[PDB]
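Those sequence lines, one after another, are chains A and C. Throughout the first sequence, residue numbering follows PDB author numbering, covering 70 to 187, 191 to 301, 310 to 352, 362 to 454 in sequence. Throughout the second sequence, residue numbering follows PDB author numbering, covering 70 to 187, 191 to 351, 362 to 553 in sequence.
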Amino acid sequence: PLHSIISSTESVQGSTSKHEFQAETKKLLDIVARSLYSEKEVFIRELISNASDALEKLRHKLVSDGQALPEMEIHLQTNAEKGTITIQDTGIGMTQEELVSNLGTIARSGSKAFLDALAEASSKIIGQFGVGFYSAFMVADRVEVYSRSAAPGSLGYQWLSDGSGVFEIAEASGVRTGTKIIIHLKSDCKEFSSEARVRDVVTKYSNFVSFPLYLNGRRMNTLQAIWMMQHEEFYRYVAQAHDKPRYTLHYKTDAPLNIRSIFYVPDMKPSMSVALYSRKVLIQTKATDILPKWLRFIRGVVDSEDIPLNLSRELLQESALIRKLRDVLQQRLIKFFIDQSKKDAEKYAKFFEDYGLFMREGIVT
Amino acid sequence: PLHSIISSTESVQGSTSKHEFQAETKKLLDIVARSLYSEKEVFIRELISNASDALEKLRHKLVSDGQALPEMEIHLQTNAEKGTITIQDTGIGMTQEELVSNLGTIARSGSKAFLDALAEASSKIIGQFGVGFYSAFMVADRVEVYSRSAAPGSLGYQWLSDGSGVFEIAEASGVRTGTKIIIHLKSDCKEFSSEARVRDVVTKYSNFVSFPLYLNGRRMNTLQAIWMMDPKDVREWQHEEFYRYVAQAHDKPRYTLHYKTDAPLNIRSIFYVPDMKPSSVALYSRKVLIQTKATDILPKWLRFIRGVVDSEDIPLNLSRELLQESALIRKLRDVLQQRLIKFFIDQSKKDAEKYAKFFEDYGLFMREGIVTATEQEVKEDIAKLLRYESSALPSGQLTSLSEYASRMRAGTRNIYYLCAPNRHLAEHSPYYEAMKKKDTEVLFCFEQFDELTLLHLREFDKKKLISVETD
Ligand SMILES: Nc1ncnc2c1ncn2[C@@H]1O[C@H](COP(=O)(O)OP(=O)(O)NP(=O)(O)O)[C@@H](O)[C@H]1O
Ligand SMILES: Nc1ncnc2c1ncn2[C@@H]1O[C@H](COP(=O)(O)OP(=O)(O)NP(=O)(O)O)[C@@H](O)[C@H]1O
Ligand SMILES: [Mg+2]
Ligand SMILES: [Mg+2]
């Protein structure tokens with residue numbers, strides 16, 4: 070009772086016609102606006118990252134040109150009263166051509182475009201896809217942008233758009249070199265006019281940006297990205321704990337893949362995990378799965394620039410390198426513990442044995 | 070000190086230049102290829118899904134012309150020797166114009182155009201985003217397509233491309249109405265020229281496709297979508313085999329609930345509780371698999387339940403591998419939480435002993451459910467499932483909190499319990515004999531994850547839960 074209808078029944082007649090793939094751009098834009106990210110909030114994340122890059126770029130050229138570095142800041146003002154968000158940066162900024170192209174062309178990344186020339193600033197430039205800015209439209213009735221290029225005879229420009237097929241660009245002056253982005257919020261999104269809300273978002277995704285950051289005049293950071301160089313406040317921060325670390329491991333490596341990671345073991349038991366970053370932007374607040382589940386008591390921070398990220402940037406690409414990275418971490422963690430039950434008496438077992446149950450939890454598997 | 074650089078300094082001099090958004094089509098195709106899906110295998114799913122659409126559309130228009138229908142099938146052929154995987158449908162197929170537009174334009178969906186022109193057959197069309205076909209480029213050096221429209225004076229065409237910004241279209245003779253897609257696998261992807269591998273993929277995602285599917289000659293979709301049938305036209309042998317499929321188990325369900333609602337959104341679902349003692363329901367949309375693990379659509383305390391939940395309108399992520407949450411998955415999951423809680427309380431009300439060992443085998447999850455829940459009405463909801471033992475009824479028997487709210491009244495004011503590892507310690511306790519001869523009644527809990535549960539519940543049915551080993 071076999072049944073197939075697949076047979077070699079075709080014959081191509083008359084020479085082909087050659088064509089070029091094209092795009093339903095408005096539908097692409099809204100696909101990003103309502104079918105790409107899990108939470109609306111990440112739009113902030115995206116914008117911040119843009120700013121970072123803008124700044125990074127600037128200083129790169131500046132550094133490579135023996136010129137002093139102006140104050141390089143990122144500002145977030147929340148206007149509750151007028152229903153808006155604004156993010157502004159002292160970065161390199163756009164010209165009109167750069168406007169039209171980088172903002173108006175979908176999937177264009179003048180950042181990765183910048184990258185394909187450089191390798192220091194290559195390690196901190198964050199964007200790669202060319203779709204992130206459009207996250208604004210998740211929450212925006214309308215987007216207002218003013219920008220001006222660091223380069224000499226630059227005019228200011230007003231690039232604005234409603235989020236649908238057409239953007240428009242007028243010449244605007246009185247724009248500070250860099251870029252300001254005013255977002256006028258949708259009704260169901262006025263919650264981002266809240267300083268407290270925006271604060272929580274930034275603390276969530278961009279708590280560790282390489283440039284000073286001022287929400288409504290208050291500075292944010294001053295929390296150093298320790299996993300790349310008082311593990312105490314860092315443990316009790318990332319693990320969220322009024323507790324302090326029994327055990328600590330700072331683990332950098334570039335054999336296997338580039339990994340910059342720190343692991344804590346906390347002082348209470350659980351009764352009843363980690364967190365993954367890339368280029369100082371949060372990928373998953375609770376990071377699953379890049380740590381064997383018997384090791385769920387451990388937590389802290391794993392970073393790797395060389396993780397392929399999903400288009401959403403909230404996901405690892407389970408291109409199998411990732412849970413083989415998992416395996417690498419299991420290896421160095423084991424070696425960590427056996428070594429630290431030979432550097433002290435303590436040890437591997439009755440020491441922290443609210444966790445011995447995690448290791449024949451361990452050979453459950 | 071407060072520092073802000075942001076102030077309204079700008080002023081617009083001119084008048085605007087108008088522009089249209091454009092796109093980098095090649096980088097986009099590549100974004101679909103290397104950065105969208107969690108695993109490559111899903112290209113099969115997509116093809117099949119989009120293939121499915123072709124048939125449905127054809128059906129819809131043949132029926133709307135009063136035509137009889139052709140044989141409406143889906144065929145997959147793996148050729149290991151030429152390293153290709155092929156999918157052919159006998160659906161509507163494409164004209165030349167339809168080839169250029171529907172394959173050549175990114176995010177173009179002739180399927181949802183077809184839908185935005187359409191009632192009845194609208195529940196079935198899978199596609200909406202218009203990027204799915206391109207998933208083939210995850211695994212293809214090159215893609216051969218032949219298609220001929222079911223339109224009357226149709227010609228046949230060969231649309232072919234390597235996934236790099238350019239495709240070509242030729243006229244072709246000998247094309248059967250519908251579409252053949254021959255995928256020429258890449259070197260590290262001839263993995264998908266295996267009959268076993270592909271069979272696995274097909275059963276994983278596309279096991280309930282509403283058209284007969286033949287792989288290398290064999291019929292595949294042989295299992296009926298039981299959650300869309302009327303609850304009486306399914307009874308124990310199909311429920312057993314369906315459970316023993318979705319829950320990968322080799323026992324029987326203790327409990328079976330067939331739940332259908334359009335209160336909020338369309339739910340067509342089955343929930344099973346297994347008969348083994350424990351040592362994630364499956365999510366579908368339009369008969370296509372979304373998550374093996376449907377987390378989150380059920381609260382995590384109901385993770386012990388297995389089975390299937392389907393909904394036509396679950397907002398899908400661009401990947402179709404994830405759920406995009408709107409207001410509606412919160413509400414979906416509170417719908418399912420309460421329908422399940424009610425299920426367990428009333429099926430306790432119809433058979434008390436089977437519920438008794440349901441509690442002795444699964445009470446653990448309800449305890450957890452009560453300690454974790456934020457809203458306390460919810461805590462009380464789960465609390466109606468808790469059965470403890472009591473002093474006033476013989477050793478062994480259990481009782482609900484509500485039965486104790488009924489059995490204590492008049493001038494009695496609170497509920498409470500005593501926790502201890504055995505009954506004889508509970509029944510021989512200083513604290514309870516003190517509770518016994520001013521005697522108001524005291525519950526007995528011997529699974530002291532029960533006193534944690536009771537401490538977090540704190541109050542049930544307009545009353546507090548007070549301790550006796552704390553008076
Ligand atoms: N604030 C800004 N200042 C200067 N240039 C910017 C700014 N925001 C965006 N751009 C430019 O416009 C592009 C659009 O940004 P975006 O949509 O975020 O894509 P991307 O940052 O390049 N990569 P991704 O964010 O992952 O999609 C950037 O790549 C820059 O070239
Ligand atoms: N097997 C097929 N037979 C005929 N037409 C097809 C077939 N597959 C795709 N098409 C056409 O190509 C278009 C693009 O489909 P596709 O890129 O797979 O995404 P979509 O089906 O439109 N929606 P989605 O599944 O979410 O991506 C469809 O709308 C059809 O017009
Ligand atoms: Mg960006
Ligand atoms: Mg499709």
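A virtual CB, placed ideally from N, CA and C, is assigned to each residue, including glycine.
Quick check on residue i: buried or exposed, where buried means 16 or more other Cβ atoms within 10 Å of its Cβ?
i             : result
residue 459/A : Because chain A here runs from 70 to 454, residue 459/A falls outside it and cannot be looked at.
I423/A        : exposed
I427/A        : exposed
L480/C        : buried
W309/C        : exposed
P139/A        : exposed
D392/C        : buried
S207/A        : buried
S233/A        : buried
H506/C        : exposed
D158/C        : buried
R489/C        : exposed
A335/A        : exposed
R128/A        : buried
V363/A        : buried
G235/A        : buried
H256/C        : buried
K382/C        : exposed
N119/A        : buried
Would you check whether ligand 3 has a heavy atom nearer than 7 Å to the C-beta of residue i?
i      : result
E125/A : no
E403/C : no
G199/A : yes
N119/A : yes
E167/A : no
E115/A : yes
So does residue i have its beta carbon nearer than 7 Å to some heavy atom of ligand 2?
i      : result
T454/A : no
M163/C : yes
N171/C : yes
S219/C : yes
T159/C : no
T249/C : no
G202/C : yes
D272/A : no
State the beta-bridge partners of residue i as determined by DSSP.
i      : result
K545/C : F542/C
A212/C : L257/C
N279/C : In the DSSP output, where bridge partners are listed per residue, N279/C has none listed.
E89/C  : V238/A
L145/A : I156/A and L287/A
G179/A : According to DSSP, which records beta bridges pairwise, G179/A is partnered with nothing at all.
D392/A : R340/A and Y366/A
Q320/C : For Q320/C, which the question treats as bridged, DSSP gives no partner whatsoever.
Any chance the CB of residue i is under 7 Å from a heavy atom of ligand 4?
i      : result
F205/C : yes
Cβ atoms of residue j and residue i: under 8 Å apart, would you say?
i      : j      : result
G389/C : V460/C : no
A297/C : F280/C : yes
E509/C : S473/C : yes
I197/C : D122/C : yes
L536/C : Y499/C : yes
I113/C : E142/A : no
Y286/A : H88/A  : no
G152/C : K304/C : no
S367/C : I411/C : no
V417/A : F386/A : no
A222/C : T251/C : no
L172/C : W231/C : yes
Quick one: is the Cβ of residue i within less than 7 Å of any heavy atom of ligand 1?
i      : result
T155/A : no
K96/C  : no
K130/A : no
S178/A : yes
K424/A : no
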